[PDB]
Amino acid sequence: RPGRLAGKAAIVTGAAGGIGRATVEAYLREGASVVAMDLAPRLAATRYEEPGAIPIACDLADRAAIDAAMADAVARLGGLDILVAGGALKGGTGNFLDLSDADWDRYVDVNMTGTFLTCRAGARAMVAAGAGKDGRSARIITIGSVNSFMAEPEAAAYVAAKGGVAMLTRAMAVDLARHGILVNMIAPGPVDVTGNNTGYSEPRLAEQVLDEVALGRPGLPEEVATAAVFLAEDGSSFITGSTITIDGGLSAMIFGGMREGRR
């Protein structure tokens, strides 16, 4: 309860996942009160390595549930200082030519619209709790991806929606600056969320990770969570509309397979 986020009230969505779980834990460790949101069965199966998380189920596909769960969360926290919008469908479908309406809609509705609705409700609660008055500020952090800027193959709906989130983040930063809410995105590269170092073990994918990531491995959840603490703390008071990219150099490098040690 001492810590870099001492006394802050935080909601983390996608909180049963690798990045969300690590963020919930880092946040509790840094003294925040934390509501953990995810799908009901996923929350039911998750136990945090730190105690005190308040689990509240919230299906991002259900618009009424997003509002209800956000109001419930805010009532229980007594306010809202920090929102980490990390809930998302992951992965690919196949070639763009074969991408169905159903899959397009699921990724856009859950990942893009779900983020918008969560963040609009969070932003309104922050303002209602005093953000932008008496020197009080608040924090919205979206979880995007390197896919917000450059495209993986065979995932056009996921990639499109990550671009949607990138620019939603900047629109929110611009409109909410006057309300004392700072809004930024975290863009993770490949992150192993298995707990087992098995997420990227398929040989071809394993070789590609060695060639395309400068550090030559997938990331760990904690390596992303640390940026969620950084963006949320009071000291980040001039950082808004930005992305912190956490990808072992993937997006910084070309012809990584030609480098000494790999070629």
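Residue positions are given as counts along the sequence shown, with the first one as 1.
> State which stretch shows the higher mean Cα B factor in the entry: 25-33 or 50-58.
On average, C-alpha B-factors are higher across 50-58.
> Which has higher Cα B-factors on average according to the PDB entry: 194-202 or 214-222?
Looking at the recorded C-alpha B-factors, 194-202 comes out higher on average.
> By the entry's C-alpha temperature factors, tell me which of 154, 81, 175, 134 sits highest.
That would be 134.
> Among 179, 139, 90, 120, which carries the highest Cα B-factor?
Within the set 179, 139, 90, 120, 90 shows the top C-alpha B-factor.
> What third of the chain, by the recorded C-alpha B-factor, contains residue 94?
Highest third - that is where residue 94 ends up once the chain's C-alpha B-factors are sorted.
> Using the B-factor values recorded in the entry, state whether the Cα atom of residue 65 falls in the lowest, middle or highest third among the modelled residues of its chain.
As the PDB entry reports it, the C-alpha B-factor of residue 65 lands in the middle third of its chain.
> Using the temperature factors of the C-alpha atoms in this entry, rank residue 209 within its chain: lowest, middle or highest third.
Middle third of the chain for residue 209's C-alpha B-factor.
> With respect to C-alpha B-factor, does residue 164 fall in the lowest, middle or highest third of the chain as deposited?
It belongs to the lowest third of the chain when residues are ordered by C-alpha B-factor.
> Taking the C-alpha B-factors as the PDB entry records them, is residue 128 in the lowest, middle or highest third of its chain?
Within its chain, residue 128 is a highest-third residue by C-alpha B-factor, going by the deposited values.
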